[PDB]
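Data block below; observations after.
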Amino acid sequence: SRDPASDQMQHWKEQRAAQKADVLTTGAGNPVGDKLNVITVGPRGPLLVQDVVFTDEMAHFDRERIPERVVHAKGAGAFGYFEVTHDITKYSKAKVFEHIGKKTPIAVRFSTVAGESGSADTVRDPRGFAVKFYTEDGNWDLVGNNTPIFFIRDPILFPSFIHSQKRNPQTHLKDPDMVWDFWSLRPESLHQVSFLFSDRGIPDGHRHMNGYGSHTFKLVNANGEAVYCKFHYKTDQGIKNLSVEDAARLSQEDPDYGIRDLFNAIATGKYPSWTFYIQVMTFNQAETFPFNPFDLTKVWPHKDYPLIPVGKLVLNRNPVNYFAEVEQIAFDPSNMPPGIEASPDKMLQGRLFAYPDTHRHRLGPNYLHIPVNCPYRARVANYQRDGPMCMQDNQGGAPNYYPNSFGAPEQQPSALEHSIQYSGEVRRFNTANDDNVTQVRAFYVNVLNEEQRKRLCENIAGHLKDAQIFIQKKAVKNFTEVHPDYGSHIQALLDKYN
Amino acid sequence: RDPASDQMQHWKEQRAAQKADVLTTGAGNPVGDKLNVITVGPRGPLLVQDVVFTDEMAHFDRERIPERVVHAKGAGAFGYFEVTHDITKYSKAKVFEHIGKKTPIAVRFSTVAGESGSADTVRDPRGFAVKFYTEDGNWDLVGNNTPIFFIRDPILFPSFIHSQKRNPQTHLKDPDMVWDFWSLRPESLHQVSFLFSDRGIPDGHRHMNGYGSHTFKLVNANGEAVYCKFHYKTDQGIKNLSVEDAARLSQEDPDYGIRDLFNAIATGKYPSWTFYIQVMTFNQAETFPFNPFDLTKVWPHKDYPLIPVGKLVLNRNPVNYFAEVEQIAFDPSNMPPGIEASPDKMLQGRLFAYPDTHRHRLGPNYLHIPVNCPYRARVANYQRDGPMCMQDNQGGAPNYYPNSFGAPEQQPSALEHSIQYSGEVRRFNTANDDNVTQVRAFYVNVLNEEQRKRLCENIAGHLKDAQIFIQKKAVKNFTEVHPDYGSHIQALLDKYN
Amino acid sequence: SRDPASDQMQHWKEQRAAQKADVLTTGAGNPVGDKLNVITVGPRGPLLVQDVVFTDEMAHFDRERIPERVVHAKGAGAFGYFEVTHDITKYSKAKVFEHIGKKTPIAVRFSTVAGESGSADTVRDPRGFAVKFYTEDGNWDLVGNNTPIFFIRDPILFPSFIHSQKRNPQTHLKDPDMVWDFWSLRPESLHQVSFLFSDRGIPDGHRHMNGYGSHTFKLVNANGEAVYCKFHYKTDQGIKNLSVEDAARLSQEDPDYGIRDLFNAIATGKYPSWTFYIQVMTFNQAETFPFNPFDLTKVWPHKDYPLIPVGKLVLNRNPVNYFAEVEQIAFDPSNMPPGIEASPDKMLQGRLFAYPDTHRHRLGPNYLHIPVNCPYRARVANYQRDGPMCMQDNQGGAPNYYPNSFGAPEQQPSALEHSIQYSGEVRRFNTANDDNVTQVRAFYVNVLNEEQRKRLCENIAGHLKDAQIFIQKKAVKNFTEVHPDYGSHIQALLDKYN
Amino acid sequence: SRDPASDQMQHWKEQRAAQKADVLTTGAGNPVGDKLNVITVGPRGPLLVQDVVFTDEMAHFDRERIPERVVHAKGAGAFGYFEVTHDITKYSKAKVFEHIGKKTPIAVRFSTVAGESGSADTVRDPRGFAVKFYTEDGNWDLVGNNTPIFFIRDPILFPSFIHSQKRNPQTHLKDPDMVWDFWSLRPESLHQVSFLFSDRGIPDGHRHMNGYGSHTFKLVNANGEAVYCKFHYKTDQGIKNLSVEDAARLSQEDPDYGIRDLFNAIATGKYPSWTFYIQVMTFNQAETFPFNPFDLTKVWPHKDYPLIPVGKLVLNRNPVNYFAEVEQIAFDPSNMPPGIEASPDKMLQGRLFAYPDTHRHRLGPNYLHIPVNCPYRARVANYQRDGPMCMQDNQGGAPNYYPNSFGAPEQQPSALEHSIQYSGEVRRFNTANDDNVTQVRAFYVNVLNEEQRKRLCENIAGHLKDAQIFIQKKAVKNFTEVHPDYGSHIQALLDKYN
Ligand code: HEM
């Protein structure tokens with residue numbers, strides 16, 4: 001009768017109408033005589049401990065909630081597949097791109113950074129775009145965003161950035177004062193601030209936005225030659241955005257606009273698609289780059305590094321159970337198959353450690369046993385062993401020590417990583433005084449036109465109006481360093497707001 | 001502007017003289033640098049010897065604790081309780097022992113279905129939980145903004161919460177589930193009528209009443225027991241908001257209640273609530289037309305007049321929201337001598353439910369958290385080692401009872417009241433009970449024409465998205481309540497469809 | 001060769017000699033190229049975060065320890081089956097006894113009460129005998145002991161008893177001072193103390209001891225008539241015991257004597273067997289019992305309540321992985337199928353609440369999805385849809401609320417429990433003087449002969465010699481109340497020891 | 001009266017005879033009326049959920065156990081102080097060594113590696129010697145052992161070594177087969193094996209053994225000049241050991257021999273003492289060392305690197321609660337104050353990451369709020385925020401992001417580390433074919449005499465007799481590579497044993 005997002009239970013009943021309803025069992029499978037009333041001493045007496053069904057149900061209900069992700073809590077998920085359309089075997093030996101036509105199952109989670117589990121979808125926020133590839137050589141987690149860059153470039157400032165973006169520790173209120181204080185004290189965030197406050201900041205659903213790995217990745221081919229690559233997945237449905245008033249109205253109407261849109265589009269046969277590209281940079285070009293090639297704030301221009309098509313991402317399956325397949329899913333950037341490796345990108349290096357720790361915290365030590373996280377296209381044969389909530393044979397009676405003389409699993413020499421000589425001094429290097437203005441200026445002048453610049457300035461001024469006077473002055477100084485037109489228009493809008 | 005916006009300026013001015021403290025790690029080792037990571041060369045990989053980076057990242061990775069399964073979105077405050085009248089005849093508890101006895105309190109305001117990132121101004125019953133720090137230990141009065149509840153049997157609470165919350169597959173709200181449960185359980189008609197009225201969306205936490213909603217037993221020094229209700233009525237006046245204003249406030253600031261409470265407390269506008277009771281004797285409990293322990297039944301003020309007890313004043317904001325509001329736990333089983341529980345099935349179920357979820361959400365030793373500590377009581381027992389054992393594990397005291405070495409001893413005075421019951425211990429079907437007359441009286445007498453019209457409009461607006469047969473069942477229940485109720489609701493639904 | 005326990009890895013290698021050694025993978029299935037050395041900059045340089053395999057394996061190593069059971073930590077497990085031999089369908093309608101010859105899979109765990117995971121098997125301690133039945137009506141957990149009785153009779157004293165049996169809170173040393181202080185202050189433990197310090201207190205392996213449910217259970221047949229029953233499983237291998245010197249010597253030589261003995265006996269075709277009996281008591285007989293029929297410190301004499309054979313317990317399978325099948329197993333006495341229910345036995349009522357709580361703490365909220373704990377002979381269907389490490393499909397998109405109009409699982413009236421009318425007053429009743437002497441006197445006089453009495457007195461005196469003078473005097477007073485011969489022999493031995 | 005280890009409770013009662021016994025309260029401080037009987041309807045009725053005190057007590061008892069340490073589970077603890085006796089300010093700028101006479105509180109935990117919680121003290125095992133210093137610059141954890149060296153030299157093999165030392169995954173029994181298989185496949189463990197099977201392998205209590213940091217630590221003085229140092233704490237009570245028969249007898253009598261000995265010695269005014277030494281090595285000597293100066297299997301001879309006294313360790317206080325002060329204590333080697341830093345020792349680098357992870361696992365994310373782990377001699381201010389069991393004010397309303405313009409805590413420039421130029425290709429370097437024989441040979445010939453070598457061979461043969469033939473042959477080949485006398489004596493003893 002209605003759209004698929006509301007007829008879920010009617011569809012379930014139609015699907016399971018011929019068969020009889022299952023009997024009501026306890027946790028241990030004991031059938032339940034009654035589940036409407038509790039055992040009491042007469043009509044008006046106290047409760048009995050002997051109500052094992054009540055105790056079981058109440059205890060399980062008391063433990064429903066697991067810790068939410070520290071970032072990207074609110075999200076929507078889907079399942080699909082990946083198809084290779086062109087040969088990039090000259091760059092990487094990974095089995096994902098081994099030949100043309102090789103389908104590969106994938107899982108995708110869309111999310112917002114600062115939004116909590118009960119927040120609205122249509123808000124001004126960078127969007128999370130996490131893709132998991134189920135491959136015969138284990139799982140590969142491409143955890144990207146809807147933006148090629150990020151706010152900061154050094155890992156130790158990520159918790160401070162998240163704290164500044166989140167609620168005030170005392171009042172529990174979202175605070176543009178902290179937001180703009182951090183943004184002005186770290187001027188490298190100007191590029192991402194411009195990207196977020198442009199019209200692309202509030203996309204019209206998850207099907208109308210691009211995805212970027214944002215990191216330079218290392219591709220090793222069969223000969224051992226290594227190149228540096230970027231990852232872009234571009235939507236085939238077209239880029240579409242929403243206005244501020246429309247975003248606020250959608251937020252007040254339905255906070256789950258993105259989830260509902262994705263669910264309906266998938267259930268109506270309107271499968272969203274993304275085209276997979278790469279940008280390959282050689283070692284020589286990495287040495288001769290005008291900036292740091294591994295800088296998270298920098299992009300690679302399309303003129304010197306043209307996009308090369310690789311494959312296509314199609315999402316064609318809604319999650320059966322949201323908690324089972326979306327809430328419990330974990331993306332580990334360290335999960336990289338042979339042929340793809342990490343670069344000296346400091347942010348990526350920090351992410352290599354950050355994610356498994358929080359996954360063990362919020363999902364348990366054995367979270368890789370969860371079906372959505374399992375590499376079911378492979379076998380996990382190693383010397384890892386006993387853990388909390390270990391529902392596996394625990395690899396049976398196999399030896400749990402290595403090396404051994406009893407035919408236990410053995411390492412494969414071909415999986416050894418690429419080696420690069422690194423010369424220098426092991427110390428902390430100050431990098432806040434780097435170049436932060438030229439790419440932002442190029443984006444503002446060349447990429448943006450008059451109306452988009454006006455909208456960007458209006459959005460920045462509207463968000464910054466609630467900050468303190470000196471914070472606004474510092475932000476204005478940064479914007480003026482970017483461009484005098486930027487700074488002057490922002491100052492004028494702020495002055496009329498005051 | 002508001003003090004909440006000027007929080008950091010206030011914090012800076014609070015020192016105004018002291019230089020910034022040194023930056024230490026978790027173990028107190030001073031930090032040489034906290035802006036850059038240790039790398040080999042300008043463009044090299046990270047090194048594991050960055051102990052400060054590993055510590056900060058690991059602590060950041062574990063910042064989130066599980067949210068409460070219900071009443072997740074909350075606002076808290078601290079204050080005190082003052083006794084204004086003598087009710088020592090009914091109860092011997094030291095909270096009401098004498099007039100003028102100040103007593104520290106802590107309260108939390110919350111919404112039932114609202115998750116952590118949700119808007120305050122939403123049509124939802126409001127949580128009003130009060131904790132009393134008393135020399136006889138802590139007392140948790142976990143009330144609501146309504147004198148009643150939707151259901152009356154404990155085993156249906158998880159089903160009700162599931163129906164109120166997201167769809168398991170689509171993760172979307174389902175009025176289909178909400179109204180299916182409401183129509184299949186007609187006892188929720190009274191609370192539904194209360195919620196879909198003007199009082200459903202209050203204008204801040206300072207403009208709503210609080211109700212324990214349960215019949216409690218008061219035992220005096222002689223052992224004579226009575227049944228009592230608890231009402232705390234706002235002295236600031238009852239204030240409500242329209243649906244358009246509620247939606248606009250939700251779109252503007254989801255934390256309107258938190259901000260309003262914070263500003264009112266910080267501006268010297270301390271909210272107050274007047275404490276009352278409704279005492280019922282044993283015989284009147286036998287002569288009550290309905291079940292006196294029914295959660296869907298109130299006691300009319302004509303036969304059970306309100307009698308003032310004290311006043312609740314909130315005059316302090318939380319210093320740290322996570323430390324004093326997120327980590328606070330309210331256990332209804334925490335009852336001092338002189339107050340006990342009744343055979344109210346819902347209360348009996350809560351007595352077991354709350355400590356379990358507190359041990360899950362905060363940890364086995366959650367009573368060692370400062371906000372949950374009974375710092376007016378000298379705790380001494382035989383409970384021992386647990387995860388994050390905190391204070392002293394009670395030292396070298398014997399950990400078994402009884403013993404011959406002067407370990408803590410039970411005192412006979414704290415013995416509970418003894419009442420005899422007769423009957424067969426079995427499950428009793430109590431869904432066919434009376435559910436109509438109190439709702440009918442509230443609709444006809446308490447409300448007027450415009451309030452009934454608004455109530456019907458709100459119910460129709462919420463119910464229009466349900467399926468046809470669910471709407472028909474709900475309409476039949478409303479017609480059973482009153483033909484005019486049912487007919488107006490059905491007309492509005494037909495216009496909506 | 002040697003015992004099969006020592007040849008485990010040789011057997012494993014012989015079994016897996018016809019198959020290629022598995023490749024070494026990470027947690028996510030990524031193949032490992034070098035698991036012998038860490039990534040270092042140069043030969044003598046610092047470690048780099050890039051060792052994703054090192055971090056993952058070390059993190060899993062850091063979390064392999066789950067909390068040990070608060071009691072019965074040291075354990076040995078086995079798997080087998082239960083065969084019905086006779087007809088008891090007149091007493092209970094449970095499908096576990098429905099027909100003759102109906103095989104039923106079982107799992108058992110043998111344990112000591114006060115022993116930790118690192119302690120010796122051959123010590124003086126009541127032995128745990130927990131049996132799990134996998135039945136089409138869900139799992140049934142018969143959690144018995146090697147003694148028909150217990151130390152106490154009121155559940156609020158169980159933590160105090162365990163504390164007195166365990167280490168001193170300050171010195172972390174065993175304290176017979178606290179042991180005998182609690183024993184003397186609780187005279188009801190005299191029967192259990194006599195049983196424990198008799199010859200059968202130190203059994204020679206788990207195959208040479210009996211098992212007792214120790215509780216009166218309610219059996220409901222198809223007509224609704226309810227009787228009270230006991231459960232006895234008697235070893236077919238014979239009752240064999242060990243001396244104090246031999247027990248100490250075996251403890252010194254090998255702390256895992258029981259585990260090794262059970263493993264070798266099962267692996268050598270020496271399947272241990274236990275014969276299953278019941279002791280049925282009617283409502284009128286319970287009303288006319290000389291003592292409390294529900295008292296945990298009282299037995300039912302075989303003359304008035306003859307044992308009726310039911311079936312046989314055979315163990316014929318060793319655990320494949322000890323942690324997976326013995327450490328992670330959980331026995332819930334509340335897991336009772338229809339036809340068997342609990343009695344007003346206060347200890348049993350307390351256990352009904354105690355066990356699931358500690359299981360959720362020790363394993364986790366979803367511990368029933370662990371394969372050893374799954375009711376794989378039952379089709380579980382309920383409305384519990386959440387949990388840390390949700391491992392099945394979370395029952396898909398089925399409605400999570402009850403009642404409903406969409407064909408969700410429904411309760412069946414046939415599982416409704418038995419109802420009795422209990423008259424009285426709801427209050428605490430002091431029950432410390434329920435004739436704690438007559439059964440102990442009867443046992444000591446009739447069951448034990450002169451040499452066994454002498455050995456029992458020697459054992460009690462040897463254990464009590466380290467207590468204080470007043471504690472010894474109180475214990476001697478209790479033993480004299482039991483019998484003057486008991487008291488005089490114990491006091492003479494104590495005076496010789498002091 | 002007996003010794004304090006048994007008169008604990010009597011002394012506790014004597015200390016509190018002149019005060020009324022405290023009332024019995026619940027967890028929330030509500031007084032308890034009756035903690036001896038449960039509330040039941042009538043004399044013989046079912047239990048009722050109204051027993052809030054019973055539910056609280058049972059629930060807290062059900063969660064009494066925390067996960068045991070993956071290694072060094074069985075332990076004994078004590079508290080004392082550290083006194084500086086000489087001037088080492090030229091090597092390090094640490095305030096712990098700042099000047100002479102500076103008393104400093106310390107905490108010490110003694111433990112066995114493979115021993116589990118319920119295991120005997122007198123067992124052949126390397127002994128743990130962990131020292132925590134409470135200083136004004138935070139806590140310093142010197143986590144050493146009773147041996148200057150270790151079994152292996154590469155971090156990734158530590159879990160395999162622990163698995164080989166611990167119980168069989170299937171039979172849950174100890175396996176000398178696994179032990180000697182790992183030992184023979186890793187010949188670098190020969191030095192440590194000789195040390196462990198020498199006479200000092202089973203010390204007579206914790207007061208009669210030395211302690212070694214075993215790692216080369218780097219000391220930075222005020223000028224930034226860095227040196228490499230070792231740490232030795234040598235007992236002033238004398239080195240005393242026990243025979244195999246005596247160790248077995250002590251194990252069968254009392255498994256807590258070490259704990260009891262330490263407790264009695266401290267309570268009787270017999271304070272044990274250890275003298276603090278260092279071995280300083282310069283950069284040039286490290287470059288010219290015949291072996292790897294950072295190798296965990298190599299020592300520094302006293303002729304070239306003489307010991308230089310620093311201070312004294314005195315333990316003069318028993319714990320007042322074993323769980324509160326010994327079980328909950330956590331030692332983090334990364335907790336190093338300014339003036340002391342780590343070296344490129346791979347094992348130390350691995351420990352720096354390993355320890356905090358397992359501490360957060362087994363004690364909770366906020367385990368530094370536990371009083372024994374708190375740095376109460378230093379003031380703590382940082383941007384770490386909300387966690388489970390936040391047992392402090394959570395630093396109030398201070399800003400939770402850095403940098404900021406509101407006077408939040410600031411980094412101290414003088415605490416910056418020492419930078420050393422490091423060159424070489426970032427890759428895994430094999431460390432198995434290194435030199436593993438000459439130091440063991442020197443120890444065997446010079447340090448050991450005839451009877452000591454005979455005892456060492458007897459002990460090794462007694463342990464190795466139960467291994468397989470090929471494992472024994474490989475071990476014999478390793479011992480022959482060490483010395484022909486070693487190999488021939490071991491093989492002759494093995495042939496006599498078989
Ligand atoms: C069988 C019936 C009920 C059950 C099983 C139940 C269960 C729960 C649970 C599990 C929590 C979470 C506590 C926490 O996470 O800290 C909670 C909180 C709460 N409940 Fe209930 N509840 C029931 C009925 C009621 C009733 C009748 C009222 C009011 C009259 C009520 C008012 C509240 C409030 C205000 C909170 C907020 C606690 C806080 O702010 O920390 N609930 N309840």
Side-chain angles (χ1 to χ4, degrees), chain A residues 37-38 47 51 54-65, chain B residues 65-77 106-116 124-131 138 140-162 164-165 188 191 194 205 208-216 229-232 257 293-298 318 321 324-334 341-342 344-363 366-367 369 371-372, chain C residues 386, chain D residues 49:
Chain A
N37 311 271
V38 281
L47 248 196
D51 209 349
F54 165 75
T55 46
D56 204 85
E57 265 264 330
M58 214 37 83
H60 196 276
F61 163 76
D62 293 350
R63 293 178 172 79
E64 292 241 290
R65 304 294 169 243
Chain B
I65 66 162
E67 304 303 88
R68 309 166 158 77
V69 70
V70 290
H71 295 263
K73 180 80 172 244
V107 312
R108 189 170 179 277
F109 296 111
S110 53
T111 29
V112 182
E115 295 155 320
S116 305
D124 202 10
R126 299 295 194 267
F128 199 155
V130 183
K131 177 188 292 289
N138 293 343
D140 293 324
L141 176 54
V142 194
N144 240 37
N145 77 322
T146 168
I148 46 180
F149 223 68
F150 298 84
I151 54 161
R152 70 167 63 109
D153 183 292
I155 202 167
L156 288 216
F157 187 77
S159 271
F160 166 66
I161 297 311
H162 282 190
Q164 288 297 123
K165 281 193 170 297
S188 53
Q191 179 47 30
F194 276 7
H205 300 311
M208 70 180 175
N209 299 332
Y211 303 85
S213 301
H214 289 298
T215 149
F216 295 92
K229 298 266 192 179
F230 286 114
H231 307 244
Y232 17 121
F293 317 117
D294 198 81
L295 195 44
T296 76
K297 249 54 156 198
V298 293
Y321 178 90
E324 305 152 64
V325 184
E326 179 92 0
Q327 289 197 139
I328 205 176
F330 296 91
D331 285 314
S333 45
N334 293 166
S342 66
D344 201 340
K345 302 181 183 184
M346 299 294 291
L347 180 57
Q348 304 275 253
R350 295 173 72 193
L351 294 182
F352 158 75
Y354 285 58
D356 204 67
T357 207
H358 290 155
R359 282 151 203 144
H360 161 79
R361 181 170 67 80
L362 297 157
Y366 70 98
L367 297 175
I369 300 176
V371 68
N372 298 336
Chain C
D386 264 350
Chain D
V49 312

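All chains are named by letter (A, B, ...) in the order of the sequence lines, taking the proteins before the strands, and each is independently numbered beginning at 1. Just so it is clear, the values below take in all heavy atoms, side chains as well, and ignore hydrogens, waters and symmetry mates. For ligands, and for the atoms within them, numbers begin at 1 and follow the listed sequence.
B/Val142 O, 3.6 Å is the protein heavy atom nearest to atom 29 (C) of ligand 1. With hydrogens left out, the protein atom closest to atom 35 (C) of ligand 1 is B/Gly143 O, 3.4 Å, a heavy atom. For atom 6 (C) of ligand 1, the closest non-hydrogen atom on the protein side is B/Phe157 CE2, 3.3 Å. Here the heavy atom of the protein found nearest to atom 12 (C) of ligand 1 is B/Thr357 CG2, 3.8 Å. Nearest non-hydrogen protein atom to atom 9 (C) of ligand 1 is B/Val70 CG2, 3.9 Å.
Taking each heavy atom of A/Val38 and B/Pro154 in turn, the nearest pair found is CG2-CD, 3.7 Å. For the residue pair B/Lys229 and B/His214, the shortest heavy atom distance occurs at CD-O, 3.8 Å. Between B/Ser110 and B/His71, the shortest heavy-atom distance links the atoms OG-ND1, 2.7 Å. The nearest pair of heavy atoms linking B/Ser213 to B/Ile148 is OG-N, 4.0 Å.
In B/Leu347, neither the side chain nor the backbone holds a heavy atom less than 4.0 Å from any atom of ligand 1.
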**OP:** For ring pair (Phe, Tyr, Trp, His ring centres under 6.0 Å), just list the numbers for B/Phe128 and B/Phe109, CA-CA rounded to whole Å, side-chain angles, deciding distance to a tenth of an Å, and then say yes or no.
**Re:** CA-CA 5 Å; B/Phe128 199 155; B/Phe109 296 111; 4.6 Å; yes
**OP:** Decide side chain to side chain donor-acceptor pair (under 3.5 Å) for B/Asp344 and B/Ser342; before the verdict, give the C-alpha distance in whole Å, the side-chain angles of both, and the deciding distance to 0.1 Å.
**Re:** CA-CA 5 Å; B/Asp344 201 340; B/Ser342 66; 4.8 Å; no
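For ligand 1, the polar-atom distance check finds an N/O of B/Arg108 within less than 3.5 Å of one of the ligand's N/O atoms. Annotation: B/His358 places an N or O atom under 3.5 Å from an N or O atom of ligand 1; distance criterion only. Residue B/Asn144 has no N or O atom closer than 3.5 Å to an N or O atom of ligand 1. For ligand 1, one of its N or O atoms has an N or O atom of B/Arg68 under 3.5 Å away. At least one N or O atom of B/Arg361 sits closer than 3.5 Å to an N or O atom of ligand 1.
Proximity of B/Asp331 to B/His358: side-chain heavy atoms (C-beta onward) are separated by under 4.5 Å at one or more points. Counting only heavy atoms from C-beta outward, the side chains of B/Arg126 and B/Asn144 never approach each other to under 4.5 Å. A heavy-atom distance below 4.5 Å is found between the side chains of B/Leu347 and B/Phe216. In this structure, the side chains of B/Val130 and B/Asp140 stay at 4.5 Å or more apart for every pair of heavy atoms. Using a 4.5 Å heavy-atom cutoff, the side chains of B/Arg361 and B/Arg68 are in contact.
Applying the 4.0 Å criterion to heavy atoms of B/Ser213 picks out, from ligand 1, the atoms 30 (C). Contact atoms of ligand 1 toward B/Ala353: 5 (C) (distance under 4.0 Å to a heavy atom of the residue). Close contacts between ligand 1 and B/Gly212 involve ligand atoms 30 (C) [criterion: under 4.0 Å to a heavy atom]. Near B/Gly127, the atoms of ligand 1 lying under 4.0 angstrom from a non-hydrogen atom of the residue are 35 (C). Listed by atom number, the atoms of ligand 1 under 4.0 Å from B/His214 heavy atoms are 27 (C). If you number the atoms of ligand 1 from 1 as listed, the ones under 4.0 Å from a heavy atom of B/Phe330 come out as 39 (C), 40 (O), 41 (O). Atoms of ligand 1 lying under 4.0 Å from any heavy atom of B/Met346, numbered from 1 in the order shown and given with element: 1 (C), 2 (C). For ligand 1, the atoms lying closer than 4.0 Å to a non-hydrogen atom of B/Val69 are 10 (C).
Of the listed residues (B/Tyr366, B/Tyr354, B/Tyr211), the one carrying the non-hydrogen atom nearest atom 22 (N) of ligand 1 is B/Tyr354. Residue nearest to atom 31 (C) of ligand 1, selected from B/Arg152, B/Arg350, B/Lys131, A/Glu64: B/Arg350 (by heavy-atom distance).
Judged by distance alone, the side chain of B/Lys345 and the main-chain N or O of B/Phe293 form no donor-acceptor pair under 3.5 Å.
Take B/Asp356 and apply the side chain to side chain donor-acceptor pair (under 3.5 Å) test, not counting sequence neighbours, and it matches A/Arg63.
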